[PDB]
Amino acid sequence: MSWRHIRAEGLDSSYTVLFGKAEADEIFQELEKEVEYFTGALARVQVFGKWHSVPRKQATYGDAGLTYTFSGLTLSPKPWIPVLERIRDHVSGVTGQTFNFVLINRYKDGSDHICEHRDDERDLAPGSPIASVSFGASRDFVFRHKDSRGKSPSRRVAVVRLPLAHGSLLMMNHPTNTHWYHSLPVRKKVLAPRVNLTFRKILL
C-alpha cells in the first residue's frame, strides 16, 4: 500500500486507498442496504433564522453505553452492525489507531454537500485522530486554513484540494481540526451516491 502525506502549516493528514475495488464494492452494497439514517427533527437545521433540510443523510453508530451531543441533544449511537465493524477493524489493523464511534454522511449525488467546518466536536479524546473512510462516488474535498476564510482573509494560505476515492482512507491528525476547515463542495456532474464514515474516539 502507498500513503500520500498531506502537509501544510498546521495541517497533518494521510491518504491511501485502503480497500481494493472488489472489497470496496461489497462494502458499499452492504452499507446501502443496512445503514439507518436520521429522519424528522434530526434531519433539519436552522441557519441564519431559516430552517433547511440537512443536505445529506446522517447516522451514528458506536460502542454500547456511549452518548454524544447532536445539536443541543444528548443521544445514543446505534449498536455496531457487522459491515461497520469490518471497516473499523481494517482501519485499526492497518493504522494501530482505535475508535469507538462513527458518524456516517451519505451524499445522494453531487447536489448533496457539506460546508466549511471543523470536527472540533469535542466529545472527542484529546489529540485523537479521525479516520475518514469513503465508498461510492469520488468527491472533491477541500482543506482551507482558518485564517484564509471569508471576504478579506487575514492570510492567503493556499487551499489543499484532493478527491477522496472509493475505498479510500483520509486520516486527519491533530492539529488539523484546530487550524483547518474542510468541505465537500457541490459537484453537479456527480450523479452517484457516496457514503463517508468518520470514525472517532469519543470520551467514555
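Note that residue numbering follows the sequence shown and begins at 1.
Point to revise | Given 171 to 179 and 55 to 63, the range whose Cα B-factors average higher in the PDB entry | key: Of 55 to 63 and 171 to 179, the stretch with the higher C-alpha B-factor average is 171 to 179.
**Study point:** 105 to 113 set against 71 to 79, stretch whose average Cα temperature factor tops the other in the entry
**Key:** On average, C-alpha B-factors are higher across 71 to 79.
Practice item. Choose from 139, 166, 50, 156 the residue with the greatest Cα B-factor as stated in the PDB record. Key: Within the set 139, 166, 50, 156, 156 shows the top C-alpha B-factor.
Check your understanding: What's the residue among 84, 133, 124, 130 with the greatest CA temperature factor in the PDB record?
Key -> Comparing C-alpha B-factors across 84, 133, 124, 130, the maximum falls on 124.
**Study point:** Chain-relative CA temperature factor third for residue 44
**Key:** Within its chain, residue 44 is a lowest-third residue by C-alpha B-factor, going by the deposited values.
Review point. By its CA B factor, does residue 21 count among the lowest, middle or highest third of the modelled residues in the chain?
Key: It belongs to the highest third of the chain when residues are ordered by C-alpha B-factor.
Review point. By the record's CA B-factor, is residue 189 among the lowest, middle or highest third of residues in the chain?
Key: Highest third - that is where residue 189 ends up once the chain's C-alpha B-factors are sorted.
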